[PDB]
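Basis for what follows: all heavy atoms, side chains included, without hydrogens, waters or symmetry-related copies. The chains referred to below are lettered A, B, ... by the order of the sequence lines, with proteins before strands, and numbering in each begins at 1.
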Amino acid sequence: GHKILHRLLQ
Amino acid sequence: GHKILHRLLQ
Amino acid sequence: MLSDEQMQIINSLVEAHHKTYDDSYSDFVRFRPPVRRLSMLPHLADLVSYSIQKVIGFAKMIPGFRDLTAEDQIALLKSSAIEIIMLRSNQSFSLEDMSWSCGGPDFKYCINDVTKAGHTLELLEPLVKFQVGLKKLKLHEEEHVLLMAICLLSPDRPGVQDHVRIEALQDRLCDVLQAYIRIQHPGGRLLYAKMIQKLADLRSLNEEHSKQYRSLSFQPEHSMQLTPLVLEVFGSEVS
Amino acid sequence: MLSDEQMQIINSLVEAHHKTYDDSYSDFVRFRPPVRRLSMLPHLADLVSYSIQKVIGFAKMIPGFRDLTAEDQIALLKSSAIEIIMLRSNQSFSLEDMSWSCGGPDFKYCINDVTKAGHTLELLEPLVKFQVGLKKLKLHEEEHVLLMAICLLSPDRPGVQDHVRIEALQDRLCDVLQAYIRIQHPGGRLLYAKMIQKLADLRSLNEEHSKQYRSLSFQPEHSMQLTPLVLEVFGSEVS
Ligand SMILES: C[C@H](CCC(=O)O)[C@H]1CC[C@H]2[C@@H]3CC[C@@H]4C[C@H](O)CC[C@]4(C)[C@H]3CC[C@]12C
Ligand SMILES: C[C@H](CCC(=O)O)[C@H]1CC[C@H]2[C@@H]3CC[C@@H]4C[C@H](O)CC[C@]4(C)[C@H]3CC[C@]12C
Ligand SMILES: C[C@H](CCC(=O)O)[C@H]1CC[C@H]2[C@@H]3CC[C@@H]4C[C@H](O)CC[C@]4(C)[C@H]3CC[C@]12C
Ligand SMILES: C[C@H](CCC(=O)O)[C@H]1CC[C@H]2[C@@H]3CC[C@@H]4C[C@H](O)CC[C@]4(C)[C@H]3CC[C@]12C
């Protein structure tokens, strides 16, 4: 998952 | 899942 | 004429609605503040999530809903929550200023405000038109709560197991509504049919909202502004 | 003496921190308002979540972090986020009133306020004592940002793959910190060792917070008040 984390990490 | 739903439905 | 059975059904629904719809909107100050591109998303995500909790509370008090399986209860709610929220919101909607007036100025929402959470006029135009047409029906509180209960107890919603039990519950509600109008609603000859068409308009609004929700929630920068309850209920997970 | 390499590392960290820590706390008015049992949970969940986004932003600017794999970046953040938030918060902490003063009165948090989000004094007592001891070190901004970077780049955090690369990055940061203190910090003979002990105090705070988070998040009525980012980062999922 970690959908938001991956996205914010660009 | 539906953890919150199950809980609120008591 | 109704039986003390049909009567207590109406009494149960009105009381359920009074216990779940705060006419003072006093909890709205607890929401992320409104800010008049996505400036209204934090506030409206909180408002919608709070409304979902209230719709669940209302549903648990509808006669017969509590006896359904946890799976059907979840099934009915995930499918109808957005419709009930749209329906219940007619109570704050004003034909005068075409806005949802929820107490103070900070919580009066116009088409301009509600277009700042990611959703387009493709959803908002039909939604405001729906509110207008519904407000013009001048529904008694009794018909309003019956309509929400009927909308929620639709056996043709995805994931529903005990169709017979749910269809039986909804048919009974419709019977009560037709009898109430005939007897208590002056000049309400075509009202029931107009109310049934509103249910069809709600299915169409549900579809457009579902479409836009899917598109928006796909962007984590947007979905991260939602609440865990909104993500559960509007999400696509299945029991 | 430092090399233009060690120097640019410090410059990079200070700039990263200035771009991720708003001394005006102007975004705090966007959070669910504070309310002084769990009355502060909605506001603090928003505050912590906003802080996590800022810590991710800070980390992406630490030299070498961006080159790590997405998996190690996630690994380091899930493990250290709560520690960096606790560390960075020392900037608003005041020894005078033993509170985190973030601008106006609405955002000045005392032990009383921060005990109203579900967490106990078992976590809050050591946290306030940690802030006090840390504030008394009178760290220069340079040492403050280096300490956060060192805390974040610990190769001994669960899930980390490229240990060698991460250990190399942290050792370089520690070298820069020891050199900075010796040269720029009058009477800082024992400061580096005091700063390293603070890292150990942070591991202990992380543990107690992790324990309490687990207990609380197990209740949906509580977890539903959190944000999707907090649930991701403080959750137990593994890459
Ligand atoms: C404030 C209103 C309630 C009045 C009341 O309770 O009295 C509610 C009723 C229906 C809601 C809209 C539903 C569709 C969209 C959902 C999305 O998560 C946010 C945007 C979206 C356009 C909502 C905005 C707020 C509305 C207009
Ligand atoms: C877009 C806005 C501008 C930022 C800028 O111009 O730099 C920022 C400022 C403060 C932010 C909110 C903070 C609380 C919540 C955190 C949670 O993880 C996500 C939801 C949450 C409500 C954020 C939404 C985005 C906001 C409103
Ligand atoms: C306001 C402070 C920031 C100051 C700044 O940025 O300048 C932050 C720093 C560390 C944070 C606490 C961390 C542990 C708990 C987490 C839980 O999700 C909520 C409760 C909990 C006790 C937080 C409260 C707010 C604190 C004190
Ligand atoms: C405990 C409080 C008292 C209720 C009472 O005494 O009846 C209620 C009033 C308004 C509620 C918040 C509404 C917005 C958010 C909805 C989201 O699904 C969960 C988080 C969210 C911030 C809720 C938290 C609980 C609140 C603060």
(request) Verify, without hydrogens or angle tests, whether D:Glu232 (side chain) and A:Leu5 (backbone) share a donor-acceptor contact under 3.5 angstrom. (result) yes
(message) If I take atom CG from residue D:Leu229 and atom NZ from residue A:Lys3, how far apart are they, to the nearest 0.5 angstrom?
(response) 11.0 Å
(message) Would you say that D:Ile52 contacts A:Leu8 through its side chain, given a criterion of any heavy-atom pair below 4.5 Å between the two side chains?
(response) no
(request) Would you indicate whether D:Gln161, at its atom CD, is surrounded by more than 12 heavy atoms from other residues, nucleotides or ligands within a distance under 6.0 Å? (result) no
(message) Would you say CD of D:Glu237 has more than 12 non-hydrogen atoms from neighbouring residues, nucleotides or ligands within 6.0 angstrom?
(response) no
(message) Taking side chain as everything from C-beta outward and backbone as N, CA, C, O, which of these in D:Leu77 sits under 4.5 Å from a heavy atom of chain A? Side chain, backbone, both or neither.
(response) side chain
(request) Quick one: list whatever passes salt bridge (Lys or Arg N to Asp or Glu O under 4.0 Å) with D:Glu5, sequence neighbours left out. (result) D:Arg172
(message) For the CD atom on D:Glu207, are there more than 12 heavy atoms of other groups (residues, nucleotides or ligands in this structure) within a distance under 6.0 Å?
(response) no
(message) So, using ring-ring contact (aromatic ring centres under 6.0 Å, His included) as the criterion, who are the partners of D:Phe93 when residues are at least two apart?
(response) D:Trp100
(message) Please find the pair of heavy atoms, one from D:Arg66 and one from A:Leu9, that lie closest to each other, and give the distance.
(response) NH1-O, 2.7 Å
(message) Testing the basics here: between D:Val238 and A:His2, what is the closest heavy-atom pair and its distance to 0.1 Å?
(response) C-CE1, 4.1 Å
